[PDB]
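J.: What follows is a structure written as structure tokens; I'll ask about it next.
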There are 2 protein chains.
Amino acid sequence: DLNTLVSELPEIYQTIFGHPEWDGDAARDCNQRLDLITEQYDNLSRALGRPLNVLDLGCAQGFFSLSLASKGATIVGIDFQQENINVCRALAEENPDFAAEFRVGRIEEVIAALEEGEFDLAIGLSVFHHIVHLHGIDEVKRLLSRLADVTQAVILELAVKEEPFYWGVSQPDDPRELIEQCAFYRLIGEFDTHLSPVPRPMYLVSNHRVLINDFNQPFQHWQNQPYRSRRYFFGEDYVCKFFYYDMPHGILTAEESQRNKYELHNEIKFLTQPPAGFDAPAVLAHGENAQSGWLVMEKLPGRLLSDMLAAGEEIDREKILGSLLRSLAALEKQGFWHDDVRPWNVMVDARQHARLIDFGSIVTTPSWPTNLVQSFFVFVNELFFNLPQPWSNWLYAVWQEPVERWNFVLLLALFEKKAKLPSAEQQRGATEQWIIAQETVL
Amino acid sequence: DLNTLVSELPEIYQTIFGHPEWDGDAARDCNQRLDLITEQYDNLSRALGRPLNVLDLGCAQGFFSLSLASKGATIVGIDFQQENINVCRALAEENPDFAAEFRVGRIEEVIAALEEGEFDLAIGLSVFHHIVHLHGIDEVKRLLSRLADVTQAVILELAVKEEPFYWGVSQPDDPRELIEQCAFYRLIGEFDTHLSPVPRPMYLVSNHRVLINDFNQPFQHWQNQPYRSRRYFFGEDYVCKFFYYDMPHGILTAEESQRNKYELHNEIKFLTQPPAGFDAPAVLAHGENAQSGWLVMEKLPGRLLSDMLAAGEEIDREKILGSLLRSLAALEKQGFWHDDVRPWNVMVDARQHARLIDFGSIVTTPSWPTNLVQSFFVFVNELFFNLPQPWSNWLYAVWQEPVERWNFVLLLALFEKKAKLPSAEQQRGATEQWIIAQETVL
Ligand SMILES: C[S@@+](CC[C@H](N)C(=O)[O-])C[C@H]1O[C@@H](n2cnc3c(N)ncnc32)[C@H](O)[C@@H]1O
Ligand SMILES: C[S@@+](CC[C@H](N)C(=O)[O-])C[C@H]1O[C@@H](n2cnc3c(N)ncnc32)[C@H](O)[C@@H]1O
Ligand SMILES: Nc1ncnc2c1ncn2[C@@H]1O[C@H](COP(=O)(O)O)[C@@H](O)[C@H]1O
Ligand SMILES: Nc1ncnc2c1ncn2[C@@H]1O[C@H](COP(=O)(O)O)[C@@H](O)[C@H]1O
Ligand SMILES: [Cl-]
Ligand SMILES: [Cl-]
Ligand SMILES: [Cl-]
């Protein structure tokens, strides 16, 4: 009888599915976690076009497992306590059409035995802290990596060191240390455990998909360090830029988080409303919240200029500078400038034409834009002290201009006629050269 | 200069690619491992239809990496010694068309950072024993699992405890303990290290493909325990049965290995030359060697009978027994019998028709086949002491037959007319019942 099986539970941790007579006894009601988990189930089931195979690690009394089988999922629940699995099976038998199996076993051994494709979604709620406590953080990171490797999505509720109990002392400094080796992760909620006032965060993690409520797609590779608060995911015709505003440990000062926030926000604003006369990459999706923000854009051909420079690849500096200057002059005509023209913000296509790819540093108002013209000289010099004729003649001409006349329209016009300009080395000069060489050091 | 870089190597472990003046100095010539690795490169490149991305872990002086880049591979080599990477890079620069990159780094951190699809083939030759020695066997198993998870194939040369040095003591009992958690593995050679007379085995490992020289295909799931010396891999229209004759530890006695060998051999012989009047599954590939044997067959629909029995699924015992008896009678007419008719050797399709799926126990000559008819009664009883009318009447009729008349043609004929046979419970009987009930216990 169910009555007996429930009584023999060491703890009624969860609601007993279909049996509200124990709801008052359950440590956690599970309705809040279930609301969120069913939303994510539906998103992923919609994306894949079918009901999911779900793995429930430390499934306890089966509530999540049965609740998803109720919606058509095929589920396997694992728990190392016989008493818990006895209840899960007795509940499944009351619901014979649910495709639900339960097994006694250890999460560590199950994860080692998993095969990729067997399960689409795994859930691990409030269980990994027990594995941390007995086996340490590094083994848990590897288990969670494998779990992500073999599924399409993982949902974790993770206990945290701020919880007031003795086992909190063995927890990592931040729960994100258990998952940050995985490719994609997002905080999706925080839940009251009824053990204390400290809530547990729930994360959605994937090694195969971008999972954003509006955009759910496989990616084939990703990157953290460009050229660690920013991650880039590459799919067939998209790049998803994912910025963390909220990072663990020291990592971001207040100012840096706000700048992550500012840049991504500014980039979204510009790209959703670009200026006429400028070909901006197209925007497929975007959003922001307290922890992070994201932007999914069309994927552009080419390589990042700084990589080409680092990997000593052959470059046409004329075509790169010409094309970039042309786009900068067109921006300026529409009252836009870019505050940070550097090799890692420039992409060069197969025909050696260049374009900006980060619009975080775009600005709309201001003497000016004289400073930006100055840095652009450094850019030029780093792209190559190092300027042969007629690049040097170009710069010398700019330097002879009154400063109120410095702007990107002028820079471009002089650049186009640089072969006609007088020879800098024939003049006393000589300072423009030394100031940028010191700048280009500085 | 290369001269200087080579001199500064703590050890010239490998041949210096393109520079035979150091071949006499190299600890290992590498030509034997390279012959085998290039063969496996070609097989996998042929299967995938393209040049491969290859990862070389602990790449030392770059010999394998450069030698594969020479054949069109794109390679990344990793080593934690700066001196080694300096030589690798200097060699790559002598061969500018090779797509070869090298990085200083630790194998543990690289594996954690890998993404699935980035590399098709990883090689790890004589390097993991260093990671075992510092981090232990369990962490190395997890690293190797992840390596297999993220690639299509892995080639490992593994040091072994029989090597006479002090670090041998930290090695596992058998090198297969580092890899047996991976889905597919095969010994492909054994190599002289020049440190001692003990050779190191080279394994080909995969978590995604069956990699047999004649048959190279993805699989989507696999299984060890049927219903651990036998593994089954399932692909789109095939099942590959892989039997180990050579197993680690105690696992197989001499007799058991020979029986693995005998069964698989016998199954290959039968299926490649099946008897007329019997629909045998078709054979796609097969082979045997000292360590193991394999058989790739067409994949049959249905479920294994023993699973259906265990998972209490609905079965039609009439249709199952009828169909099986019909095929057993047709075998017998061609002078073939099956020595081991049990639920785990029988597959039942959607229309409840049954067939044998393991032909290891097929035999061709012998009083006989009286023992087999007897077991078939146990089979019958386990499929349900437990026999209602008219199954009991069937068995009673058989038992009244002189023993020289017991055979599967008779069993089938009586089975088809069982509704007409006299009622066993009306007779003294009663023993046939008790002998099989004791047999069915026994
Ligand atoms: C605190 S409860 C969480 C239950 C459930 N996941 C939930 O959040 O509603 C932890 C559960 O995991 C199980 N468990 C703990 N460590 C385990 C392990 N190493 N393998 C399998 N089950 C484990 C316990 O038996 C218990 O049912
Ligand atoms: C015995 S040698 C084998 C070299 C090469 N794989 C071969 O078999 O021809 C081991 C190599 O691995 C490197 N190595 C050892 N442990 C390493 C680690 N943890 N990460 C990166 N490289 C490592 C050593 O620097 C050395 O080059
Ligand atoms: N729209 C895009 N299309 C292609 N690559 C991009 C795009 N946006 C960013 N990247 C790439 O993102 C990587 C590193 O991030 P980032 O700082 O954006 O350059 C570089 O390799 C860029 O080429
Ligand atoms: N030709 C085949 N087609 C489909 N399944 C097979 C075939 N051969 C073996 N199996 C399956 O292999 C699994 C376990 O191995 P076995 O002992 O061969 O039954 C069972 O689930 C069988 O259904
Ligand atoms: Cl946890
Ligand atoms: Cl580990
Ligand atoms: Cl090794």
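Chain labels follow the order of the structure tokens: the first chain is A, the next B, and so on; residue numbering restarts at 1 in every chain, and ligands are counted from 1 in their shown order.
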If you count only C-alpha atoms, which residues fall within 12 Å of region 359-371 of chain B, apart from same-chain ones fewer than 3 positions away, as number ranges by chain?
T.: B: 241, 243, 259-272, 274-275, 280-281, 295, 328-329, 331-342, 345-346, 355-356, 374-378, 398-399, 401-411, 439
J.: Using only C-alpha atoms and all ligand atoms, what are the residues with an atom within 6 Å of ligand 7, set out as a compact mmCIF listing (two decimals) with N, CA, C and O atoms, in the first residue's frame?
T.:
```
# COMPACT_ATOMS: atom_id res chain seq x y z
N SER B 126 51.43 7.45 -25.00
CA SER B 126 52.38 7.46 -23.91
C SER B 126 52.37 8.76 -23.08
O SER B 126 53.40 9.26 -22.64
N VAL B 127 51.18 9.29 -22.81
CA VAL B 127 51.13 10.48 -22.01
C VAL B 127 50.22 10.34 -20.78
O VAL B 127 50.48 10.94 -19.71
N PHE B 128 49.17 9.54 -20.88
CA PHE B 128 48.22 9.44 -19.79
C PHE B 128 48.78 8.85 -18.52
O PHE B 128 48.31 9.19 -17.41
N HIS B 129 49.82 8.04 -18.63
CA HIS B 129 50.40 7.47 -17.41
C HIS B 129 50.98 8.53 -16.54
O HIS B 129 51.04 8.34 -15.35
N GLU B 157 48.14 4.99 -26.94
CA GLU B 157 49.18 4.07 -26.53
C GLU B 157 49.31 4.24 -25.04
O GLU B 157 49.58 5.33 -24.56
N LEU B 158 49.13 3.15 -24.30
CA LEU B 158 49.09 3.19 -22.86
C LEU B 158 50.21 2.38 -22.21
O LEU B 158 50.42 1.21 -22.52
N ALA B 159 50.93 3.03 -21.31
CA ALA B 159 51.93 2.37 -20.52
C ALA B 159 51.25 1.39 -19.57
O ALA B 159 50.06 1.55 -19.26
```
J.: For ligand 1, which of A:177, A:192, A:349, A:39 is the closest residue, counting only C-alpha atoms and all ligand atoms?
T.: A:192
J.: Write as a list in words the residues around ligand 1, taking 7 Å as the cut-off and counting only C-alpha atoms and all ligand atoms.
T.: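 Sorted by chain and then by number, the residues are residues 13, 14, 30, 57, 58, 59, 60, 78, 79, 80, 81, 84, 105, 106, 107, 108, 124, 125, 126, 127, 130 and 131 of chain A.
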J.: Could you list, as a count of residues only, all the residues within 10 Å of ligand 3, counting only C-alpha atoms and all ligand atoms?
T.: 44
J.: What residues in chain A lie within 9 Å of chain B, counting only C-alpha atoms, written as number ranges by chain?
T.: A: 112-113, 115-118, 139, 142-143, 145-146, 149-150, 181-183, 207-208, 220-222
J.: Generate a file of the selected residues that holds N, CA, C and O atoms, formatted as a tab-separated table (two decimals), in the first residue's frame.
T.:
```tsv
chain	number	residue	atom	x	y	z
A	112	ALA	N	28.31	8.30	-15.64
A	112	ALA	CA	29.36	7.64	-16.36
A	112	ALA	C	28.76	6.75	-17.42
A	112	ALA	O	29.33	6.61	-18.47
A	113	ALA	N	27.60	6.17	-17.17
A	113	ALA	CA	27.01	5.23	-18.13
A	113	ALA	C	26.16	5.85	-19.21
A	113	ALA	O	25.70	5.12	-20.07
A	115	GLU	N	24.64	7.70	-22.48
A	115	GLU	CA	25.04	7.86	-23.85
A	115	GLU	C	24.38	9.08	-24.43
A	115	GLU	O	23.21	9.37	-24.17
A	116	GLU	N	25.12	9.76	-25.28
A	116	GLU	CA	24.64	10.96	-25.89
A	116	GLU	C	23.39	10.68	-26.73
A	116	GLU	O	23.37	9.72	-27.44
A	117	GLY	N	22.36	11.51	-26.63
A	117	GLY	CA	21.10	11.28	-27.37
A	117	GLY	C	20.06	10.47	-26.63
A	117	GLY	O	18.91	10.42	-27.02
A	118	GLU	N	20.46	9.78	-25.59
A	118	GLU	CA	19.55	8.94	-24.83
A	118	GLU	C	18.51	9.87	-24.14
A	118	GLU	O	17.34	9.62	-24.17
A	139	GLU	N	35.56	16.69	-9.22
A	139	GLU	CA	34.85	15.55	-9.76
A	139	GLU	C	33.42	15.99	-10.14
A	139	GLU	O	32.93	15.60	-11.19
A	142	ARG	N	33.35	17.71	-13.51
A	142	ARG	CA	33.46	16.74	-14.61
A	142	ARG	C	32.19	15.95	-14.83
A	142	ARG	O	31.81	15.68	-15.98
A	143	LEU	N	31.50	15.60	-13.75
A	143	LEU	CA	30.21	14.91	-13.90
A	143	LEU	C	29.21	15.81	-14.63
A	143	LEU	O	28.51	15.37	-15.54
A	145	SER	N	29.84	18.42	-16.58
A	145	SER	CA	30.26	18.53	-17.98
A	145	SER	C	29.77	17.35	-18.80
A	145	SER	O	29.32	17.54	-19.91
A	146	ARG	N	29.93	16.13	-18.28
A	146	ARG	CA	29.50	14.97	-19.04
A	146	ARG	C	27.99	15.02	-19.18
A	146	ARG	O	27.45	14.79	-20.25
A	149	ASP	N	27.29	17.31	-21.87
A	149	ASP	CA	27.80	16.72	-23.13
A	149	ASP	C	26.80	15.76	-23.74
A	149	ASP	O	26.68	15.74	-24.95
A	150	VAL	N	26.08	15.00	-22.91
A	150	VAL	CA	25.22	13.93	-23.40
A	150	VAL	C	23.76	14.29	-23.54
A	150	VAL	O	22.97	13.48	-24.02
A	181	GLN	N	32.45	25.83	-16.64
A	181	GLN	CA	33.11	25.06	-17.70
A	181	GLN	C	32.14	24.63	-18.80
A	181	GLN	O	32.59	24.31	-19.90
A	182	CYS	N	30.83	24.61	-18.52
A	182	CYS	CA	29.84	24.31	-19.57
A	182	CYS	C	29.65	25.52	-20.47
A	182	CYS	O	29.94	26.65	-20.09
A	183	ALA	N	29.20	25.30	-21.69
A	183	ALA	CA	29.23	26.33	-22.71
A	183	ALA	C	28.25	27.43	-22.46
A	183	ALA	O	28.59	28.60	-22.50
A	207	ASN	N	25.47	22.29	-23.42
A	207	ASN	CA	26.70	22.23	-24.19
A	207	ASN	C	26.44	22.17	-25.69
A	207	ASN	O	27.37	22.02	-26.46
A	208	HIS	N	25.19	22.32	-26.10
A	208	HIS	CA	24.81	22.11	-27.49
A	208	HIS	C	23.88	23.14	-28.07
A	208	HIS	O	23.76	23.22	-29.29
A	220	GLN	N	27.29	25.29	-33.11
A	220	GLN	CA	28.32	24.30	-33.36
A	220	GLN	C	29.65	24.67	-32.74
A	220	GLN	O	30.45	23.78	-32.55
A	221	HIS	N	29.88	25.92	-32.37
A	221	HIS	CA	31.02	26.19	-31.51
A	221	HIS	C	30.85	27.46	-30.72
A	221	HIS	O	29.94	28.26	-30.97
A	222	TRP	N	31.69	27.63	-29.71
A	222	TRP	CA	31.57	28.81	-28.88
A	222	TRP	C	32.90	29.22	-28.40
A	222	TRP	O	33.85	28.45	-28.48
```
J.: What's around residue 27 (chain A) at 9 Å? Count only C-alpha atoms, leave out sequence neighbours fewer than 5 positions away in its own chain, and write the answer as a PDB file with N, CA and C atoms, in the first residue's frame.
T.:
```pdb
ATOM      1  N   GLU A  11      12.216  10.643   4.714  1.00  0.00           N
ATOM      2  CA  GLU A  11      11.675  11.963   4.644  1.00  0.00           C
ATOM      3  C   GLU A  11      10.724  12.136   3.483  1.00  0.00           C
ATOM      4  N   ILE A  12       9.608  12.777   3.753  1.00  0.00           N
ATOM      5  CA  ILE A  12       8.721  13.170   2.689  1.00  0.00           C
ATOM      6  C   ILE A  12       9.218  14.491   2.164  1.00  0.00           C
ATOM      7  N   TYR A  13      10.150  14.436   1.225  1.00  0.00           N
ATOM      8  CA  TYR A  13      10.825  15.625   0.764  1.00  0.00           C
ATOM      9  C   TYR A  13       9.875  16.405  -0.154  1.00  0.00           C
ATOM     10  N   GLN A  14       9.212  15.693  -1.045  1.00  0.00           N
ATOM     11  CA  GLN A  14       8.367  16.260  -2.043  1.00  0.00           C
ATOM     12  C   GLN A  14       6.920  15.911  -1.798  1.00  0.00           C
ATOM     13  N   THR A  15       6.049  16.712  -2.385  1.00  0.00           N
ATOM     14  CA  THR A  15       4.654  16.342  -2.659  1.00  0.00           C
ATOM     15  C   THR A  15       4.579  14.919  -3.251  1.00  0.00           C
ATOM     16  N   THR A 193      13.903  27.016   0.115  1.00  0.00           N
ATOM     17  CA  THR A 193      14.054  25.601   0.445  1.00  0.00           C
ATOM     18  C   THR A 193      13.271  25.180   1.677  1.00  0.00           C
ATOM     19  N   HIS A 194      12.784  26.161   2.440  1.00  0.00           N
ATOM     20  CA  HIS A 194      12.235  25.950   3.806  1.00  0.00           C
ATOM     21  C   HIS A 194      13.182  25.431   4.833  1.00  0.00           C
ATOM     22  N   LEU A 195      14.482  25.451   4.556  1.00  0.00           N
ATOM     23  CA  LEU A 195      15.454  25.151   5.579  1.00  0.00           C
ATOM     24  C   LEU A 195      15.990  26.413   6.196  1.00  0.00           C
TER      25      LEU A 195
END
```
J.: I'd like the contact shell of residue 170 (chain A) - 10 Å cut-off, only C-alpha atoms, skipping same-chain residues fewer than 6 positions apart - returned as a ChimeraX atom specification.
T.: /A:129-130,132-134,136-137,160-161
J.: Identify, with DSSP run on backbone atoms, the residues in region 106-283 of chain A assigned to strand (DSSP E or B), and express the list as an MDAnalysis selection string.
T.: chainID A and resid 121:125 153:157 184:191 200:206 209:212 215:218 221:223 230:234 238:244 283
